[PDB]
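Taking it in order: structure first as structure tokens, then the write-up.
Computed from heavy atoms alone, side chains included, the values below leave out hydrogens, waters and symmetry copies. So that the names make sense, note that chain A is the first sequence line, chain B the second, and so on, each numbered from 1.
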Protein chains: 10
Amino acid sequence: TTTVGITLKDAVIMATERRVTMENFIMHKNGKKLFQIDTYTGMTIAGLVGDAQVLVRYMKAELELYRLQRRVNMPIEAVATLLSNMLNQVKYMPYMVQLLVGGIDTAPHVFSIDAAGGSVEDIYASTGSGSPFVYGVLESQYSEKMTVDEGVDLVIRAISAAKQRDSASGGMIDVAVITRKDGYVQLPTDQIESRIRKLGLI
Amino acid sequence: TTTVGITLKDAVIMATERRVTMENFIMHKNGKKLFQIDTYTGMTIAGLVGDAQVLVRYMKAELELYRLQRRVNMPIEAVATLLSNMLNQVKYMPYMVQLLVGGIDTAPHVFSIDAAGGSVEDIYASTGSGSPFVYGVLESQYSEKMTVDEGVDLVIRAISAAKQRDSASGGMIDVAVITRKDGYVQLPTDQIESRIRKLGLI
Amino acid sequence: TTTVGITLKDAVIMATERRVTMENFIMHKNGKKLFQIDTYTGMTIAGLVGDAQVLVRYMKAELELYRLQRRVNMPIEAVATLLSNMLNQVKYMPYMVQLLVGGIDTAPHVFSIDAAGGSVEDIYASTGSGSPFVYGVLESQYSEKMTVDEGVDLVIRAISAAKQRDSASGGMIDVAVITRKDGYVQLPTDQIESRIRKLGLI
Amino acid sequence: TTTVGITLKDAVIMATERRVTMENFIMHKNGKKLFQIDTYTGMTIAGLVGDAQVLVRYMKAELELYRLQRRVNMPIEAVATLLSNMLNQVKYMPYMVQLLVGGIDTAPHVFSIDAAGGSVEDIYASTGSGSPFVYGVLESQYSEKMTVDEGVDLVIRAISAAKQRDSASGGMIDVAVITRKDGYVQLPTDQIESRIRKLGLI
Amino acid sequence: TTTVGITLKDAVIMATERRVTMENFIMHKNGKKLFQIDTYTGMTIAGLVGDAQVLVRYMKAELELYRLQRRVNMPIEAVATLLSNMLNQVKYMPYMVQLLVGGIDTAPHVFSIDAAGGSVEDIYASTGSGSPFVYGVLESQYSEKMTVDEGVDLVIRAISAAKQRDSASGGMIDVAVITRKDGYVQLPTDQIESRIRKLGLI
Amino acid sequence: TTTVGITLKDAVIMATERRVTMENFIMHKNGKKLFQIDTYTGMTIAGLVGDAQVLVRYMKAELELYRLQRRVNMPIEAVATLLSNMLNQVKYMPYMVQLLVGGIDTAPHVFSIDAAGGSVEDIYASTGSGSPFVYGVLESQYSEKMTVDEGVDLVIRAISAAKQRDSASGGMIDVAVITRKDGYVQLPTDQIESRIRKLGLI
Amino acid sequence: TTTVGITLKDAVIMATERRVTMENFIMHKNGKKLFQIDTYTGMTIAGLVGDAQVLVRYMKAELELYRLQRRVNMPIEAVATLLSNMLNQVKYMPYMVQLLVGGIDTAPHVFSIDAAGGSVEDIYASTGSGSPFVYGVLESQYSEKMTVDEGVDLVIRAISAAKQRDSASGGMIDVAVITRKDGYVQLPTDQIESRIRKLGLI
Amino acid sequence: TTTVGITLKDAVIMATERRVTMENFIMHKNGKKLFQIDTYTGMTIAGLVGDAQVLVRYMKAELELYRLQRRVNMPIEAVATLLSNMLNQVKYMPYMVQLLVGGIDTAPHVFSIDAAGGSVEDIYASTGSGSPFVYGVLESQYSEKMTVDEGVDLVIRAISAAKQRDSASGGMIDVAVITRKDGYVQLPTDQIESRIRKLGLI
Amino acid sequence: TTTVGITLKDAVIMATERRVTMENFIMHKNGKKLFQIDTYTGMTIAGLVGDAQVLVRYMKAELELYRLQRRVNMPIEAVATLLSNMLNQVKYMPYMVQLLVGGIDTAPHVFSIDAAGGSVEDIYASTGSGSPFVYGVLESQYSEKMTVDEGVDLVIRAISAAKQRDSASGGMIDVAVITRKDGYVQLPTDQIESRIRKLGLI
Amino acid sequence: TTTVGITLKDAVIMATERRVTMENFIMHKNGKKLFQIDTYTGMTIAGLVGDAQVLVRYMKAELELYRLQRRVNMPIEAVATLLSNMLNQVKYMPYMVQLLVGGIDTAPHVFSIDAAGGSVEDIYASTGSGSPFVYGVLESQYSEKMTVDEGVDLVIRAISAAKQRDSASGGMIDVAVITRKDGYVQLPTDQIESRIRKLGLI
């Protein structure tokens, strides 16, 4: 698994691959690891599939109820805090997951949350077995001044590098762009493929 | 054990063999591993027999009650989601099973669900100890454009290959075809045998 | 890893992929797992790389010395027997490998040898983590009456199926054809690629 | 620890950092992990310091004796083979090391050798705990057509990325360039520092 | 991790670095380990991030509620006592943390609290893997007669020494100064950097 | 135990304390941990007393024999290399010690050697349970430009700090100064005490 | 840790040292291990700091409540009995402590209580890792006919001997004298120091 | 077991008790633990009886042979060194003993040697389970200026204190006095008893 | 520990020693192990001190309440039965004790009760580590026709023999005599000492 | 098993019972555990039967050879010493036995030797599971002034007491009397039975 989230001037970009290992072989080449959980909030999952899917359902319900009861979206930091409390409360019987939460309330934000409820904000982050390869790409090429279009190309290149070296990763790359003006926009695969050819990644 | 489920244009085909190992020998050559759980929904089971049979009874009751209370059949994705919640809720005291759910609501669907509640949709899937042999056949011969008749021959060939190489599998092959026009139809054994001769599988 | 060897009328075809996992990631995408060890004899290796490479060097030396001392090539069955003795002699401190030996002396032969020195002749065989997917393809499509050209296409399709489902396998496919008339011939990659396009495997 | 070796048109570039952890803290910030072992041959070490230093002394003696007895340098592949035999011979009482051997005999070569004697040639390779970050940089930026000057900048950037993310790595970067025309040349630190400023790595 | 707290005539100085290890690599270089929990009270955390962040939230709520219900701030010793009771109550299912609490009620105070609820007042203290290096600096250079400005330079030098020798520590140094006249004041990074240059620490 | 060795312009300074724990209490307050092993070479020991004392006897004999057979003293680097070979040869049945070797051949040198034979040269080093406290003092106060008199005061202060914080250390401090002009000179305790009063260490 | 309690004609003398080991080093040189828990009752603690401090708070509350409800102080034997019941009630989830209780109701008393609730009265007793050294001093020098002044000198000498031989003990000695005429009197440190000089203990 | 050895101006005094536990009860109340091994050399033993008795026989033979071959007694330090080498040579298959060696060559000496061959000279020392009680007595009462008669009374008092508190010790006290003028003199029991009455030890 | 109880014509004699081992040394030489629990009933304890003391308090309360509610003393057999039920009820979380109950209701009785609640009446019995030595004395010398005075001498001799051979036993012997005419009578120590001299036991 | 040996004025008396447990039941009621190994020397055995019988054969051969080569019997202390060396030499692969050696050379002697070669002389001793009961009898009734006839009655009574309480012991009692005047004399069973009736032991 390889997931990544980066922050730009007024946008958040999140991306994953799609390979789901089960029964110690490549059973599903087209899984889903990136989810929209609020109007301007997204989430990526790594680890046990069953635990992660349950958490996604819980977060969608809680955020929706919050927005109805309080007339505003839950702030991104509060989303991370709520997740941190739930995970820590069962730390000795834990959800074995690693999560990324990203979105926009008044500024872009990306949060990394571990199985024990530790939550840390960062300018960019990556999870899964392919993450170390991603950090190498991000360390040498990431820039805060990048445009949205440059950022999308960057995450695509980072995940492509991970797929070449981490056997647990593979499949088509999914990308989401979150802005206040346009909201949560899932990039259609046709542009993802077009960028892949343009970047020379075959 | 070998079970398989594939999706075609407007149909779902599911199939299993019948050998049930108990007390570390071939006690029952004529078990049942494929069940109809709703009007247009089917289920295959692999793993612990006792756990699987209990799950089959639970699913039949829940789906029947759902259809009475809401006047429509439960959608296939909701069937998988309900199963995922139940399995994950006891993940540390689990049902040691691997399940396939297939059916038609407005399009054909096949879902694979593991013991921890991980649920993934796929165009085709296979479970049990004979599954790797099945995936080899499906990878080289499956086509989305196949007719129903071609698909039935394909799953029969795939399971026959598994029976030649997986000692835990054996016995007569059961096949079910699910369509909106005809519903859940269990193919009579006479046609299964006739196809086996026609395909040269003795 | 995926290796395969099949026997035809008067030929032996052997093939592998090239991915070598080390330090729990895909360090080398272009390894070598298929070796010529005599004029009409070939060998494939699976398991610990270091153990396998040592065994390859030992076999090349022994076979070469045998042919010089006795003026004829060692028969294929004797090659398997020699390997069986060496592996069994250290069965409690073993080479953790699985081997395939194939060649022609007066008829084609393929032998499978395990870490404990068990040696069994077969019409075809496959080793490595991708082998179960290969057996599915071979069970449904192999025929003793195939021409050499048909056999090469068959092993290519079988390995391609394994690469789609076994994360430990990958890379370009190497193929060798052994006949009495032409000897040990390593197919150039240009024909391998050409066949891959012709078979629709991209 | 982070070591790297890459091959270019007619050159080999090898590089390491210098941090040596001992007694579970940063005791030595200025260790040595890159060694010249022959006229046109270099070696990098990762793992247990004591085991690695012993191996370096053995290789220097063997290569020197070889060149005196046979009037030519040992070929790079033979260097890797000799190492593979020694490591495998004690595989159950092993040197816990990971090694890179690079040099020029008639073409550039880089070999990766593990603790069990597995030896694989590659166009580039990296060892140590910082290696996954290096592979990310190399996957996205390496090109076979690079000049020597471009290659030196590449390995410097790759190691700098590893130092930002792997706590076991640190210190000044050492770089060696091997060519037939100039032999084994250890780049003076003054140029290494100058390149670091020029590349914007502070 | 490296945290430190010292007491002067009428002031408390607390300081940490920012490196947060997660997934056994340097994932976050800019974490937060120093928190204001009351008007004149501060807290530093070492150990499991998730456990520590939960404890910080609990302490902020309890102290705020205390001050509202009793019209005065909780005394520093009572803050330590409350923490000691909570940690000891779950000593067999513990928060795996080491904490420092410092502040002013009528005199400066620094308290060290372990995972089992042991609480001891001290003139200065340090926690985390870099703490032994800090104690060496404090033992040779600390003086009770130091001015606030001298104390800030001292803690900066102590943490800088730890960063040179403890790989688990790193990043920018955060410093807080607590006095009755000025309250809890977080030193801006610009002065921290300026002092670092002035002290010759690059 | 606390031992330390530092290098200056043309001198080496080595120092230890004297507490020897045996039978889990402070049995001997006046042990010996610093030894002269050659005309211009010294050695400090930490770890198992019996193993260390045997090693000291071996080194004295080997160095003495070397100097008689070759008419010159063994170079310091060769002393470290000889030790490294002996320790590594029994790495699986090891001397559980940590050693420091220092001396002058044509320049001052200090070497740190671990139980597995890893040997690293450094400008200064410290061993034993009190070493982390020493590194804090050295990191903040050591300077290469110090005179011999300044260096002696520095090591005395460093060891005094360790004695305040490491219960395994204690007793009177022994100091040796090695120069080419004066040779190995053990400072009399009267000057050590006088410096301790002058430095305000009581 | 070293604590001691002795009985004289009409007085009880209790004394401890102050060293508190935490994180396996001498973190706090000035801890508190001797507490007044009633008008004429004292308590010393050894073992886990957190467990001991909780017990001290419980005993202060219970004794205070007892004296208010029944108009008289709890007798010393009843104090020991109450402690014995509480410790034994959780014997399988125990407070890992060793306690001494001393005081005057109508005669002097000293009680020793272990972690399992065993309570035994004695003329004198000692706890902690330094206790065996104390018993040697008491066995050879204690006399029931000693004056209070002689007894204070005796406990000071006993603890000083323990500090010379038990590394877990250290720091300034605290002494309390309990009589009916004067109550619980904590000796000021100035007299403790003066006695230490007078007894020749430096 | 309790053994002790002390040094005076020109004498060595050694003493033990006599209780030998075997089969987990007091089988022999009159064992022997103090032995003369040379003209002016004595030895005490603690630990496994069988191992200790074998060592005593070895030392008597070696010292006797040494004195015959070299015409002088082995120096006490050489006696300790010889013992240290023998014990360390079998450190992983060890004699489980603790030894004291004392005697006069040109000055009095006492050496303590552990099971791993660690040897340390001291002014006084004590071994066995009763040793901590002995150290308490020695710390408070030993003086270098004592006469021989005072020293004998001191060791008798120290061992008597151990017998009151260590259940593994008991029986009559044996005492030996070693001087150059009088040699090795075993005090007759009649004086030992007489001193015991005179000292008030019943 | 050594306890004993014997029955005579119309009397019960019970006796113990007083040594209480704690912290693996002889901490208390004057413990109490024999208790009166009713007008004509006594009890001895062996094993864990804390468990035994709690049991003694429970038995005193229950017997006292029984006698008040039913106007007669609880019969000795009922005392044993009540104890048996309480111990067995927690057999898997047990009081680790061995008990003796003796007394007179209409005839003398002695009962032995183990940790699991097994209760057996006997003419005489002994518990503790010194018990086997006691049984040897009782087997050869006990007689049912002995007078009370003879019985007291017998138990004194039996316990004295145990003290000579069991290191866990020691101290002054306590003796109680129970008759209907005189009730529970604790023999004063002056007669115990007088008998000890008269019997030649020093 | 129960064996015993006692010393009188000019005689040694040894005695055993005869029960040999094998296969966890009373297979042989009439074993032999007392052996004459020299003219005036006897031996008793406890522990593993096979180990003990081998040792008896070795001792008979060695003593016989000694007496032939040196014209005198081996002294009893030398017999014990020889045994001690043999047992200790295999202490880590030991004879699991406990032995008693008794005899007359110029005075009576009894030696006790354990499995590790520990050898201690005593006036009397006892081995086996029944030994603690024997020590109780001997402690209360043994006297050095007893005649031979009194001693024989004493050992008979001691063993009879052990047989009443140790289930591992039983059968007829064998007794041997060793004197210089009469040599090794095995008492005929008829007198043993006669004494048993006379002593009232049925």
Side-chain angles (χ1 to χ4, degrees), chain G residues 1-7 44 46-47 77-101 109-136 138-139 142 144 162 166 168, chain I residues 1 3 16-37 43-62 64 86-87 89-99 115-116 128-129 167-172 174 189:
Chain G
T1 290
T2 299
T3 90
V4 62
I6 74 174
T7 59
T44 77
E77 175 128 14
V79 175
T81 306
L82 176 64
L83 259 166
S84 147
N85 284 319
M86 310 165 36
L87 289 160
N88 191 265
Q89 266 155 221
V90 289
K91 61 182 163 213
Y92 291 106
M93 179 140 301
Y95 305 84
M96 327 199 250
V97 297
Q98 296 80 49
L99 310 165
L100 288 189
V101 171
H109 296 292
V110 160
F111 282 86
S112 156
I113 304 98
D114 61 41
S119 174
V120 179
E121 175 165 9
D122 211 311
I123 50 164
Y124 60 73
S126 186
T127 64
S129 49
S131 83
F133 311 104
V134 166
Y135 274 99
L138 294 186
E139 276 282 349
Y142 171 83
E144 220 306 300
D166 171 46
Chain I
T1 290
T3 90
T16 80
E17 40 74 58
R18 291 209 209 151
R19 162 160 323 167
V20 176
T21 289
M22 191 174 42
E23 289 287 325
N24 308 79
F25 80 102
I26 309 176
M27 184 157 186
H28 305 282
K29 320 140 141 183
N30 292 90
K32 175 167 174 86
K33 314 178 186 181
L34 167 60
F35 301 81
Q36 169 178 18
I37 63 174
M43 195 181 200
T44 77
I45 51 166
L48 244 187
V49 178
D51 281 359
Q53 300 183 317
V54 166
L55 278 182
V56 164
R57 290 196 283 279
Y58 287 168
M59 284 307 270
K60 284 177 171 171
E62 293 271 317
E64 174 169 19
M86 310 165 36
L87 289 160
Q89 267 155 221
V90 289
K91 61 182 163 213
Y92 291 106
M93 179 140 301
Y95 305 84
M96 327 199 250
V97 297
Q98 296 80 49
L99 310 165
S129 49
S167 82
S169 299
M172 173 62 30
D174 308 304
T189 76

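- To the nearest 0.5 angstrom, G/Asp114 atom CG is 8.0 Å from I/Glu23 atom CD.
- Residues I/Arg57 and G/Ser84 come closest through the heavy atom pair NH2-OG, 3.0 Å.
- Heavy-atom minimum distance, I/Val49 versus G/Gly118: CG1-CA, 4.0 Å.
- Heavy-atom distances place both the backbone and the side chain of I/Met27 under 4.5 Å from chain G.
- Side chain to side chain, I/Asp51 and G/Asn88 meet the donor-acceptor criterion of an N or O pair below 3.5 Å.
- Heavy-atom contacts from other residues, nucleotides or ligands closer than 6.0 Å to CD of G/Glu121 number more than 12.
- Proximity to chain I (any heavy atom under 4.5 Å) is shown, for G/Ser119, by both the backbone and the side chain.
- Looking at G/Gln98, the atoms closer than 4.5 Å to chain I (heavy atoms on both sides) all sit in the side chain, from C-beta outward.
- We find the NZ-CG distance between G/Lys91 and I/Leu48 to be 7.5 Å, quoted to the nearest 0.5 Å.
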